[PDB]
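What follows is the residue order along each chain.
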Amino acid sequence: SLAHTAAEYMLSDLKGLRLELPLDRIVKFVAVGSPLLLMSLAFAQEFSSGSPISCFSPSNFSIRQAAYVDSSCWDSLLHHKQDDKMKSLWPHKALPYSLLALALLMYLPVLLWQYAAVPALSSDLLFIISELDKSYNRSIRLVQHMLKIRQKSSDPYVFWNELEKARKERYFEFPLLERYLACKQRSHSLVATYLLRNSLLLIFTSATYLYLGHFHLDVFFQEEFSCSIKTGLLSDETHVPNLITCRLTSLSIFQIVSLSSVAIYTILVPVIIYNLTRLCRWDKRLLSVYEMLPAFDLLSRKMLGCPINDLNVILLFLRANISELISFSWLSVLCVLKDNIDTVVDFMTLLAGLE
Amino acid sequence: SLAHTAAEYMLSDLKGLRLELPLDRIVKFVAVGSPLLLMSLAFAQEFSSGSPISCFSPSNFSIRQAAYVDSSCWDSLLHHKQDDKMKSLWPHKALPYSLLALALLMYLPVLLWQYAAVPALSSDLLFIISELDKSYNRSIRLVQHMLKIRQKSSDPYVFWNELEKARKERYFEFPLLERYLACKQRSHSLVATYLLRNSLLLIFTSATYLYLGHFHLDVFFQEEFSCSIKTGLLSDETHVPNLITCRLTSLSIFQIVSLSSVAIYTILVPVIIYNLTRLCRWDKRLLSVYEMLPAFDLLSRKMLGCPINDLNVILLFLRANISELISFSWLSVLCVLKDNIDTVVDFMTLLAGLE
Amino acid sequence: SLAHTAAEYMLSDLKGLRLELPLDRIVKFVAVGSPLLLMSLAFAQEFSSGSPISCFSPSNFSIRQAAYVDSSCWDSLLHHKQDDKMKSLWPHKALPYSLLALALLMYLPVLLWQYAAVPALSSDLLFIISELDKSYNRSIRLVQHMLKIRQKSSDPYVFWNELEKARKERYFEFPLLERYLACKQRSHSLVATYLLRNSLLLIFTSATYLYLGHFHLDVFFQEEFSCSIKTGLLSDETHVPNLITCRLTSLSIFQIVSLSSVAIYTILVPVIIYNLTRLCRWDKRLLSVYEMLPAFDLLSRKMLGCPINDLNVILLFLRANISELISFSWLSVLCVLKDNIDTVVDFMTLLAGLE
Amino acid sequence: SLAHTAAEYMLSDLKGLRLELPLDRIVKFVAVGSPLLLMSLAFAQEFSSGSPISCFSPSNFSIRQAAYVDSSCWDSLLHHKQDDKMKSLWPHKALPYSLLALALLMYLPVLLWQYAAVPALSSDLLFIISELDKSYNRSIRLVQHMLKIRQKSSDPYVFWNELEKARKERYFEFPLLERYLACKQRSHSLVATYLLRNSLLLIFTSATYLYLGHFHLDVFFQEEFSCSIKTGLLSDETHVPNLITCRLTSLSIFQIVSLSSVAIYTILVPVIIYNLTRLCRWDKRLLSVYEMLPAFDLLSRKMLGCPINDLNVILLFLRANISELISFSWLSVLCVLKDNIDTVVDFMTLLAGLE
Amino acid sequence: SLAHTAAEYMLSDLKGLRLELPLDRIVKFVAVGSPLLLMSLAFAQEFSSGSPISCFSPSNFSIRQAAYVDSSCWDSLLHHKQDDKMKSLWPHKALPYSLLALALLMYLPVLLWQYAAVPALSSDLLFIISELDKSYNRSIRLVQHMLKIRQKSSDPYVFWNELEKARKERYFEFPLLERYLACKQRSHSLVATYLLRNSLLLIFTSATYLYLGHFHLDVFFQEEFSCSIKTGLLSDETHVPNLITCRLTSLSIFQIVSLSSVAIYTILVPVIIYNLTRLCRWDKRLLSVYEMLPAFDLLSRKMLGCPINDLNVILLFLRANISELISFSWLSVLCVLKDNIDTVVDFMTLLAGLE
C-alpha cells in the first residue's frame with residue numbers, strides 16, 4: 001500500500017545531543033501515525049475488498065449494463081432525497097485523500113521546527129557542554145586543601161575564611177560564558193519557533209474537529225439512497241428512471257475511522273496543552289545544589305523576570321542533556337545530600353570520587 | 001499484510017548493560033506476538049479466501065441479486081433466531097480488530113517500563129558497578145603483604161587476631177557507597193514501576209478472559225442462521241421475506257483462534273506469577289564469597305527489614321550483569337571453593353591469576 | 001507500483017562539506033516527487049481499479065461481444081462528436097507517460113549540476129577553507145606576549161599603532177590567497193552552470209503550463225462519448241453502427257491530477273525565482289566582524305564591480321559551511337559584541353576562549 | 001507468504017568463539033527448514049491455486065447454488081463411505097497447521113540449549129583460554145637457558161632427567177587450574193543439557209512418524225467421495241440428498257509432502273544418532289603432541305573414569321576453537337613431527353617461531 | 001516468487017584471502033542461477049497466467065461441468081493415444097519440481113568444498129603469508145652492502161663466489177617453513193576435494209542430459225491429447241465417454257526452457273573440463289624470477305614427480321593471493337626485467353624502490 005512507504009518517508013527515526021523531548025517525540029509520532037494507520041486499515045486485506053457500492057438492478061438486466069449502472073454512480077454519489085431535495089455523498093469517496101491531507105498537515109510543523117531552530121540550538125548546547133565538561137577537575141584540584149587546612153585551623157578560618165578567598169581568584173570564573181548568557185537573555189527569536197510549532201498543531205486539531213463536524217455526523221446512520229441514470233443520452237431509453245435501493249458496503253469502516261479520529265486527537269489535546277504550559281513558568285526543582293558548583297551558579301543567578309526567553313528553552317533542553325557521559329557522573333551522584341552541615345560530608349564525597 | 005509491518009514495528013530488538021531479564025523478554029515477546037501471528041494466520045494464503053458469508057438463494061434470482069443479498073448481510077449480521085428472539089453474531093466480524101486491540105494493549109506496559117524506569121536504573125547501575133569492580137586493586141595488594149606474615153606467627157595472632165584491625169582502616173571504608181546504598185534502601189520510587197508493569201499484564205489477561213467468556217463460547221457450535229432484507233425501501237417487493245440458510249464459512253478459523261488465544265494465556269500466567277514472586281524474598285544463594293571481598297561485603301551487610309526495597313531490584317539486575325567483560329572474571333572462577341583452610345588456598349588462587 | 005523503485009533511483013540521498021543549498025534541496029524534492037506521487041495515487045489501491053471505460057451495449061450482445069466492443073475503443077479513443085467533427089481523447093490514455101516524462105525532465109538539471117560544477121567548486125571551496133583556517137592559527141598565538149606586555153607599558157602606543165605593524169609582521173599576510181581570489185574573480189565558468197540550472201527549470205515549468213493549456217482544459221467537464229466499431233472487417237455485420245453512451249470512469253482522478261499539477265508548480269515558481277535572484281547583490285550581513293580577522297578581511301575587501309562573479313557562489317557555499325566542526329566555534333560565538341571600545345572586551349573575549 | 005517472514009525470524013544466523021558444532025548447526029537448519037520449505041511449496045505460485053475441492057453438481061443448480069454446495073463441504077469434510085460408515089478426511093484440512101506445529105516443536109530444543117547452557121558455560125571458557133595463553137610466552141621465557149646448557153651438557157641432564165627436574169619449578173607450574181579441573185570433572189550439570197537437546201529431537205521425530213503412520217497412509221490413494229448437505233435446515237428441500245462425485249484437486253501435492261517429510265527425517269536420524277554417540281568415548285587423536293606441551297599436558301593427564309563428564313564437552317568445544325587467532329599457530333603447525341628425538345627440533349622450532 | 005528468496009539464500013556473495021578462483025565463482029554462479037532464472041521466467045507475469053490446460057467441452061455442459069472436466073485432468077495427465085496405447089504427459093506438470101531439484105543438486109558441491117577443505121587451506125595459506133613477509137626487508141638489510149664492495153672489488157668477490165657464502169649464512173634460512181612443506185607436498189588430502197567437486201558437477205550434467213533425453217524430446221512437438229473421465233463413480237452418466245480436443249496452453253515455455261537448459265550446459269561443460277585440466281601439469285611461467293629471490297626459490301626447487309599433489313593446489317591458491325597489499329609491491333614491479341646483465345641493474349632497481 002501507499003501508506004507503507006510514507007511511514008518511513010515521514011516518521012523515520014550532533015552524535016551526542018538529544019534535540020527533542022520524549023513527549024514531543026511521542027506526540028508527533030502519534031499525530032503522524034494515526035491517519036496512515038486508519039487509512040491502511042480501511043483498504044487492506046483485513047476487511048474484504050470488492051465493489052464499494054452495489055444496487056438492486058431489475059432481473060431483466062444482464063450483467064454488463066448492470067455493472068455500467070452501478071459503476072456510473074460510484075463517481076456520482078448524489079442522493080435523490082424525497083425526505084425533491086438533492087443530497088450529496090462525496091465524503092465516502094473523498095475519505096482517503098482527506099486522511100492523507102491530514103497526515104501531511106501533521107508533518108508540516110515538524111519540518112518548520114527542523115528548519116527554523118536546529119542549527120542555532122545545536123551551536124549553543126554544544127558550546128555550553130564543551131565549556132562545562134571539566135568543571136569538576138577545577139573544584140577538587142584547587143579546593144582539595146580545604147580538608148588539609150581544616151585540621152590545622154579553626155572553624156571560621158577554614159569554612160568562612162579559607163573558603164572565602166579562593167572564590168575571587170581566576171580558577172573558577174568564566175567571564176566569557178557570563179557575557180554569553182547575559183547576551184542570550186535578550187534574544188527572543190527561538191521561542192517563536194516553539195510557540196508556532198504548538199499553535200499550528202492546535203489549529204490543525206481545530207480544523208479536524210470542524211471538518212468532522214460540518215460534513216460528517218450527517219450521513220452517519222444512512223445506508224440506502226436512490227440514484228438516477230437518465231440524465232443525458234440515456235434518457236431516451238426504456239428502463240427505470242430512478243434507480244432503487246442503492247446501499248453502501250463499507251459503512252462500518254467509515255464509522256470506526258471517524259470514531260478513532262475523534263478519540264485520538266481529543267486524548268492528545270491535553271498533551272499539547274501541557275507542552276505549551278511547560279514554558280510558562282521558571283523551573284527550580286534542583287537549584288539548591290546548582291547554586292554551589294563554581295559555574296552552575298550562573299544559570300541560577302539569572303533566574304528573573306518573565307520566563308518567556310531563549311534561556312528557558314536552552315536550559316530545558318540542557319536538563320535532559322546532562323546525562324551523556326561526563327555530566328552523567330557526580331552530578332547524578334548528588335542524591336544522598338538530600339535532607340554548618342556541608343563542613344565535611346560535602347567535601348569528603350567530592351574528593352572521594354575523583355574519576 | 002499489516003501484520004508483517006507491525007511485527008518489527010512493535011517487537012523490534014548503555015552499550016554494555018542488560019536492563020531486561022530473560023524471563024521478561026520471553027513473556028513480553030510471547031504476549032505481544034501471539035495475537036499478531038493469530039490474526040495473520042486467520043486471513044493469509046494458508047486458508048483460501050473469498051466471501052466469509054454464504055447464502056442459498058432460490059434459482060429465480062440473478063447473480064447480481066444474490067451478490068446484493070449476501071453482501072447486505074455480512075455488514076448486517078443478525079440472526080432471526082426462532083429458538084422471535086433477536087441474536088447477533090458480531091464477534092465473527094470484530095475478531096481481527098479485537099486481536100489488534102489486544103496486541104496494542106499488551107505493548108502499553110512496555111512503554112511505561114522503558115519511560116519511567118530505564119534512565120534512573122541505568123544511571124544507578126554503572127556507578128555501583130565501577131565502585132564494585134575496583135576490588136582486586138585494593139584487595140589482592142592488601143593480602144600480598146599480609147599473607148607473608150603467616151609463617152612467622154601463631155594460629156590466632158596473624159589471621160585471627162590482627163585481621164579485624166587489618167580490615168578496619170582507610171582501605172575498606174566506603175562511606176560514599178554505604179550512604180548511597182542506604183539512601184536507595186529507604187527509597188521506593190522504582191519498585192512501583194515493576195509492580196505496575198506486572199499488574200497491568202495481569203489485568204489485561206483477566207480482561208482477555210472476560211471478553212473471551214462473556215461474548216464468545218455462545219455462538220461456537222452455531223453455523224447456520226436466518227436473516228432478512230425486507231426492512232426498508234425494498235420491503236414493497238415480491239420475493240422471500242426472510243433469507244434461508246446463510247452459513248458461516250470460516251468457523252474452523254474462529255474456533256482455532258479462540259482455543260489458541262485461551263491456551264497461550266493460561267500457559268503464560270504462571271511465569272508472570274513467578275516474576276512477581278521473585279522480588280518477595282532476599283537472594284542469599286552466594287553471599288559466602290560476597291562477605292569476604294572488600295567491596296562485596298557491604299552489599300550483603302544491608303539485608304534487613306522487609307524485602308520491598310529498591311536495593312533488591314538493583315542487586316537482582318546486578319546479578320544478571322555481573323559477567324560483562326571485567327567482572328566477567330574470577331567471579332565466574334570463584335566457584336572451586338565450594339566444599340584455618342583459607343590460610344593458603346584462598347590466597348594462592350588470588351595471587352596466581354593476576355591478569 | 002513502478003514509481004516505488006524510481007523514487008529511490010532518482011530522489012535518494014566530501015564527508016564534511018555541504019554542496020547543496022536547503023532551498024535547492026526542497027525545490028528538487030518537490031519538483032521530482034510531485035509527478036511520481038500523482039501517478040502513484042492515480043493507479044493504486046486507494047481508488048478501485050478495473051476497466052477504465054464502460055459502454056451501454058445492447059442486451060442482445062454476448063458478454064464476450066461486449067468485452068470485445070468496449071476494449072476495442074480504449075486503444076482507439078476517438079469521440080464521434082456531433083457538436084461529424086471527430087475529437088479524440090488521447091490524453092486520458094497518455095497521462096501516465098506524460099507524467100513520467102516530466103519526472104525525467106525534472107531530473108535532468110540535477111545531473112547537469114552534479115556533472116558540470118561539482119569537482120571544481122568542491123576543490124576550490126575545500127582549498128579556501130583550508131588556508132582560511134590558518135587565520136586562527138596565527139590570530140592571537142603570536143600575540144601572546146604582545147598582549148601581555150601592553151598593560152605593563154602605556155595604553156595607546158603599544159597596542160594601538162602596532163596593529164599595522166603586526167599586520168606588516170611576516171605571519172599575518174596571505175599572499176597565496178590574494179592571487180587565487182583575483183584569478184577566480186575574473187573567472188566566470190561557474191555562474192553559467194547555476195544560471196542554466198535555474199533557466200532550464202523555469203523553461204520546463206513554462207512547457208508544463210503550455211502542455212496543460214493546449215491539450216487539457218478542453219476535455220475537462222466531458223464524461224460521455226460515442227464511438228464506432230464498423231470501421232474495417234466488422235463493417236459487414238448486423239449490429240449498431242455507432243456505439244452509444246460510452247462513459248469514462250476515472251474523470252475525478254483526471255481533474256485531481258490536473259489541479260495538483262497546476263497548483264504545486266504555481267507554488268514552486270516563486271522559490272526558484274528567489275533562488276535565481278539571490279545572486280544579484282553582494283552579501284554584507286556579517287562582514288563587520290570579518291574585516292577584523294587576519295584572513296577574513298581578504299574576503300570582505302574584494303566586494304567590487306558587478307556581483308555576477310564566481311566568488312559570489314564561492315562565498316554563498318562558504319557561508320553554509322562556516323559551521324562544520326572548527327569554524328563551528330568562536331566565530332559563531334562573536335555575536336555578543338552587537339551594539340575606544342574594542343580595547344578590552346573585544347580582546348578579553350578573544351583571550352578567554354583559547355580552546 | 002507466511003513462511004517467508006518466519007524463515008528469518010526462526011532460523012536466521014563472544015565475538016571470537018564458535019558455540020555450535022557444524023553438525024548440530026546443519027541439523028538445526030534442516031530440521032527447522034524442511035516443514036517451512038515444503039509448506040511454501042504446497043501453497044505458492046508453483047502449483048495453481050483456486051478451489052481445492054471440486055464436485056459434479058447436475059446442471060439444474062445455479063452458479064450460487066453450486067458454489068454453496070461445493071463450499072459447504074470443504075469446511076465439513078466427511079465422506080459417507082459405503083465401502084454406512086462415515087470416514088473423515090480431516091488431514092487434508094489439518095496439513096499446514098500440523099506442519100507449523102512440527103516447525104515450532106523443532107525450534108523448542110534450540111531455545112532450551114541457548115537459554116539453559118550458554119549463560120553458565122560461556123563464563124569459564126574465557127578463563128580457560130586466558131590461562132592457556134600464558135604457556136607459550138612462559139615456555140620461551142623459561143626454556144632458553146635450558147637449551148643454553150645443552151651444548152655444554154653431556155645429554156641426560158637436558159634430554160632425560162634434569163630437564164624433567166628443570167621443568168618442575170615455579171615458572172612452569174599452573175596450580176590454580178589443577179583445583180578447578182578435578183571439581184569441574186566431578187560436575188554433571190551440563191551433560192544433561194546435551195542429552196535433553198538430542199532426546200527432544202528423537203522424541204519429536206518419533207512422534208512425527210507416529211502421526212504420519214496412524215492418520216495418513218490410509219487416505220492416500222483415495223480422491224473421490226460422496227457427501228451430504230441435507231443435514232439441517234436444508235433437509236426440507238427438493239434436490240439430491242447425497243453429493244455425487246466430489247473429487248480432491250490437491251492429492252499429488254499431498255503425496256509429495258508426505259514422501260518428502262518421511263524421507264528427510266529418515267535421512268536425518270543417523271546424524272543425530274552419531275552426534276549422540278560422539279560423547280560416549282574420549283578423543284585421543286592428537287594427545288601425543290599435547291602431553292609434551294606446558295599446559296596441554298594437564299588435559300591429557302586426567303584421562304580416567306567414565307566418558308560422561310563436563311570436561312569432555314569442554315574439550316570438544318575447545319577443539320573447535322583452538323584455531324581462532326593465537327592458538328591458530330605452531331599448534332596447528334606441529335603436523336611435521338609425525339613418524340635423540342628432539343635434540344633441538346622442538347626447542348629449535350619454538351625459539352625460531354617467536355610469534 | 002519462491003525462487004526469488006532462494007537466490008539470496010543460495011548464491012549470496014580470512015578478511016584478506018581469496019579461497020575461490022574467479023572461473024570457479026562464475027561457473028558456480030551460472031550453474032546455480034540458470035535453473036532459478038528459467039523457473040522465474042516459466043511462472044511469472046511476463047506471460048499471461050491462468051489455466052495451464054484447456055478442453056473443448058460440448059455446449060450442453062455448464063460452466064462448473066467444464067471446470068470439473070478440465071480440472072480433473074490436469075492432475076491426471078494421461079493421453080489415450082490411438083496412434084489404445086496409453087501415454088502419459090507428467091513432465092509438463094513436474095517440470096518446476098525437477099528444476100528445484102536440479103538447483104539443490106548443483107548446490108551440494110559448493111557445500112562439500114566449503115566444509116571439506118576451507119579450514120585446512122585457510123590455515124596453510126595464512127601461515128605461509130604470515131611467515132613469508134620478512135623476505136623483502138630481510139634481503140635489503142643484507143644486500144645493502146653488496147654495492148659497497150662492487151666498485152672496491154672484482155667479479156669473484158662481489159658477484160660470483162662469495163655471494164653464495166654471503167647468501168648461505170644464518171640470516172637467510174628459514175627451516176620452519178621448508179620442514180613444513182615436505183609433509184604437505186607428500187600429502188594428498190586436498191586434491192581429492194577438488195577432484196570430487198569437479199566430478200560431481202560432471203555427473204550432474206550427465207544426469208541432466210539423461211533426464212532431458214529419455215523423458216523429453218518425446219513430448220516435444222505433440223500439442224493435443226485426448227482424456228477420459230468415466231473411470232469411476234461418473235461412469236454411470238449420460239455424457240461423452242472420451243473427452244475431445246483438450247489443448248495444452250504453455251508449449252512455448254516448455255520448449256524454450258528445454259532449449260535454454262541444454263544450451264547453457266553445453267556451453268558450461270568446457271569451463272569445468274579446462275578447470276580439471278589446469279591441475280594436470282606443473283606451472284612454470286614466471287619461475288625465472290622466483291629462482292633468484294631468497295625464500296621464493298624453495299617453491300621453484302620442489303618441482304618434481306607427478307603434479308597430483310597438495311603442493312600444486314596450495315600454490316594454485318597462493319598465486320591468486322600474491323597481489324593483496326604487501327606482495328602487491330615490488331614483486332609486481334619486476335616486470336621491466338624481461339629480455340652478466342644482472343651486474344648493476346637488478347640491484348639498482350631493488351635498492352631504489354625501498355618504500
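Residues numbered from 1 in each chain as written, not as in the entry; some residues may be left out. Chains lettered and ligands numbered in written order. Part of a larger assembly, values for the part shown. Heavy atoms only, no water.

Chemist: Account for the sheet that holds strand 1 (residues 53-55) of chain D, naming residues and giving values.
Modeler: Residue and element names in this part refer to chain D. Ordered by their spatial adjacency, three strands build an open sheet running 1-5-4, and the pairing between neighbours is antiparallel. Edge positions in the sheet fall to strand 1 and strand 4 (224-225), since each has one partner strand and no second. Where strand 4 meets strand 5 (residues 246-248), two bridges bridge the pair, whose relative direction is antiparallel. Each residue of the ladder has a partner; that of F225, found in strand 5, is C246. (Pairing = 2+ DSSP bridges. Helix = DSSP H or I, 4+ residues; strand = E, 2+ residues; numbered from the N terminus.)

Chemist: Describe the pairing of strand 2 (residues 78-81) of chain B, listing the residues and the values that go with them.
Modeler: Residues and elements named next belong to chain B. Taking every second residue as pointing to the same face, the buried face of strand 2 carries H79 and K81, while none of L78 and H80 on the other face is buried. When strand 2 meets strand 3 (residues 85-88), the two strands line up antiparallel, connected through four bridges. Bridging across to strand 3, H79 finds its partner in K87. (Buried < 20%, exposed > 50% of the residue type's maximum accessible area, 1.4 Å probe, protein only.)

Chemist: How would you summarise the interface of chain B and chain D if you had to cite specific residues and measurements?
Modeler: Of the residues lining the interface, 41 residues belong to chain B; the matching set on chain D comes to 36 residues. Approximately 3400 Å² of surface area, both sides summed, lies buried where chain B meets chain D, with 66% of it carried by carbon and sulfur atoms. Summed over the three residues of chain B that lose the most area to chain D, namely B:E46, B:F56 and B:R247, the buried surface amounts to 20% of that side. Connecting chain B to chain D are two salt bridges. B:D70 serves as the salt-bridge partner of D:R64, at 4.0 Å between the closest nitrogen and oxygen. Linking chain B to chain D there are four residue pairs in polar contact. Ranked by residues supplied to the side of chain B that touches chain D, first place goes to helix 2 (residues 22-42) of chain B with five residues. In the side of chain B that touches chain D, the residues fall into 21 nonpolar, 13 polar and seven charged. (Contact = heavy atoms within 4.5 Å. Buried area = accessible area lost by both parts, 1.4 Å probe. Salt bridge = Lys/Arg side-chain N within 4 Å of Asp/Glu carboxyl O. Polar contact = N/O pair within 3.5 Å; in protein donor to acceptor, adjacent residues only side chain to side chain. Nonpolar A, V, L, I, M, F, W, Y, C, P; charged D, E, K, R; others polar.)

Chemist: Before we move on, could you go through the packing of helix 4 (residues 91-116) of chain B against helix 10 (residues 191-214) of chain B and cite the residues and values that matter?
Modeler: Residue and element names in this part refer to chain B. Orientation of helix 4 relative to helix 10, taken along the N-to-C sense of each, is 170°, at an axis distance of 9 Å. Comparing their axes, helix 10 and helix 4 come out roughly antiparallel. Note on element contacts: helix 10 touches helix 4 through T193, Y194, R197, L200, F204, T208 and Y211, opposite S98, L102, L105, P109, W113 and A116. Its residues assigned to classes, the contact of helix 4 with helix 10 comprises nine nonpolar, three polar and one charged. (Axes fitted to C-alpha atoms, helices over the stretch in contact; angles between N-to-C directions. Parallel < 35°, antiparallel > 145°, perpendicular 65-115°, else oblique.)

Chemist: Describe the pattern of salt bridges, naming the residues involved and giving the relevant values.
Modeler: Taken as a whole and judged by the stated rule, the model has 43 salt bridges over all chains. Note that C:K81 is salt-bridged to C:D83, the shortest N-O span being 3.6 Å. Where salt bridges share partners, they join A:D24, A:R197 and A:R278 into one cluster.

Chemist: Provide a residue-level description of the relation of the copies chain B and chain D, including the pertinent values.
Modeler: When chain B is fitted onto chain D, the two copies agree to an RMSD of 0.8 Å after a turn of 61° and an axial shift of 0.2 Å. Here the two chains are linked by the operation of a six-fold rotation axis. Taking C-alpha positions as reference, the residue of chain B nearest the rotation axis is B:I63, located at 8.1 Å. (Least-squares fit on C-alpha atoms.)

Chemist: Lay out the relation of the copies chain C and chain A with the relevant residues and their values.
Modeler: Mapping chain C onto chain A is achieved by rotating through 59° and translating by 0.0 Å along the same axis, at an RMSD of 0.9 Å. With a heterologous cut-off of 20% or less, the 3% of interface residues of chain C that recur at the interface of chain A puts this contact in the heterologous class.

Chemist: Just give me the short version of the sheet that holds strand 5 (residues 246-248) of chain C, but keep the residues and values in it.
Modeler: Residue and element names in this part refer to chain C. Sheet architecture is open: three strands sit in the order 1-5-4, paired in antiparallel fashion. Each edge of the sheet is formed by a strand with only one pairing partner; in this case those strands are strand 1 (53-55) and strand 4 (224-225). As paired elements, strand 1 and strand 5 share three bridges and run antiparallel to each other. Considered in strand 5, the bridge of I53 is made with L248.

Chemist: How would you explain the arrangement of the chains if you had to name every residue and give the values?
Modeler: Ranking the four pairs of chains in contact by contact count places chains B and D at the top. Regarding chain C and chain E, the two do not touch, and the least distance separating their C-alpha atoms is 14 Å.

Chemist: Quick rundown of the nonpolar core? Include the residues and the values.
Modeler: Residues and elements named next belong to chain B. Among the nonpolar cores identified, the biggest contains 31 residues, and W113, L121, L125, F296, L318, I322 and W330 are the most heavily contacted of them. Where this core is concerned, the elements lending two or more residues are helix 5 (118-133), helix 7 (155-161), helix 10, helix 12 (287-290), helix 14 (310-320), helix 15 (330-333) and helix 16 (345-352). With five residues, helix 5 is the single largest residue contributor to this core. With residues up to four places along the chain from it excluded, the contact list for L125 reads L17, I314 and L318. (Core = buried A, V, L, I, M, F, W, Y, C linked by side-chain atoms within 4.5 Å.)

Chemist: Provide a residue-level description of unusual backbone geometry, including the pertinent values.
Modeler: Positive phi is not limited to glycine here, since A:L217 has a value of about 70°. You can see A:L217 is positioned in the loop between helix 10 (191-214) and strand 4 (224-228).

Chemist: Which residues make up the UniProt feature "transmembrane region" in chain A, and what values go with them?
Modeler: Within this numbering scheme, the UniProt entry marks residues 29-49, 99-119, 201-221 and 253-273 of chain A as carrying the feature "transmembrane region". For residues 201-221 of chain A, the end-to-end C-alpha separation is 31 Å, with 67% helix and 0% strand making up the annotated structure. (UniProt positions renumbered as here; feature names shortened; annotations may be inferred.)

Chemist: Summarise the interface of chain C and chain A; cite the residues concerned and give the values.
Modeler: Taken together, the contact pairs 29 residues of chain C with 29 residues of chain A. Summed over the shared surface of chain C and chain A, the result is two salt bridges. At the boundary of chain C with chain A, the tally comes to five residue pairs in polar contact. Mapped by element, the contributors of at least two residues to the side of chain C that touches chain A are helix 1 (2-10), helix 2 (22-42), strand 1, helix 3 (63-74), strand 5 and helix 10 (251-277) of chain C.

Chemist: Give me a nonpolar patch on the surface: which residues, what numbers.
Modeler: Side chains of E:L147, E:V336, E:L337, E:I341, E:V344, E:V345, E:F347 and E:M348 sit close together on the surface and give an oily, nonpolar patch of about 630 Å² of accessible area. Note on placement: E:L337 falls in the loop between helix 16 (330-333) and helix 17 (345-352). (Patch = residues over 30% accessible without salt bridge, like charges linked within 9 Å, V, L, I, M, F, W, Y side chains within 5 Å. Areas by Shrake-Rupley, 256 points an atom, 1.4 Å probe, with all protein chains shown as cover.)

Chemist: Kindly report on the side chain of E:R138, identifying the contributing residues and their values.
Modeler: Residues and elements named next belong to chain E. Examined against the element boundaries, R138 turns out to sit in helix 7 (residues 135-140). The buried charged residue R138 lacks any salt bridge partner; its closest oppositely charged side chain belongs to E173, at an N-O distance of 6.6 Å. Those residues in contact with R138, other than ones at most four positions away along the chain, are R170, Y171 and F174. (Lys, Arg positive; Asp, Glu negative; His and termini not counted.)

Chemist: Just give me the short version of the state of the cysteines, but keep the residues and values in it.
Modeler: Two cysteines joined by a covalent bond between their sulfur atoms form a disulfide. Residue and element names in this part refer to chain B. As enumerated under the stated definition, the model contains five disulfides over all chains in all. The partner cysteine of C55 in its disulfide is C246, sulfur to sulfur 2.0 Å. Its torsion about the S-S bond being 115°, the disulfide of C55 and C246 is classed as right-handed. Classification of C55 by relative accessible area gives buried; the value is 6%. Here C73 stays unpaired: no disulfide links it, and the sulfur of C227, its closest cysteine neighbor, is 3.5 Å away. (Disulfide = S-S within 2.5 Å.)

Chemist: Let's hear about a positive patch on the surface: which residues, and what values?
Modeler: Residues C:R18, C:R285, C:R319 and C:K338 make up a contiguous surface patch of positive charge. C:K338 sits in the exposed class, given a relative accessible area of 57%. (Charge placed at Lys NZ, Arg CZ, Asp CG, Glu CD.)

Chemist: How would you summarise the packing of aromatic side chains if you had to cite specific residues and measurements?
Modeler: With the rule as written, the count across this model stands at 51 aromatic pairs over all chains. Note on D:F159 and D:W160: the rings are 6.1 Å apart at their centroids and 90° apart in plane angle, and the pair reads as edge-to-face. Owing to a relative accessible area of 64%, D:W160 belongs among the exposed residues under this scheme. Relative to E:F215, the ring of E:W90 has its centre 5.0 Å away and its plane inclined at 70°; by these criteria the two rings are edge-to-face. Placement of the pair is E:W90 in the loop between strand 3 (86-88) and helix 4 (91-105) and E:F215 in the loop between helix 11 (191-214) and strand 4 (224-225), with a sequence separation of 125 residues. Taking relative accessible area as the criterion, E:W90 reaches 37% and is therefore assigned partly exposed. For E:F215, a relative accessible area of 36% corresponds to the partly exposed category. Of the aromatic side chains, those joined through ring pairs into one cluster are B:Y136, B:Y290, B:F296 and B:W330. Sitting above the plane of the A:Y171 ring, A:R138 keeps its charged end 4.3 Å from the centroid. (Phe/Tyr/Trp six-rings, centres within 6.5 Å; stacked < 30°, edge-to-face > 60°. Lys NZ or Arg CZ within 6 Å of the ring centre and 35° of its normal.)

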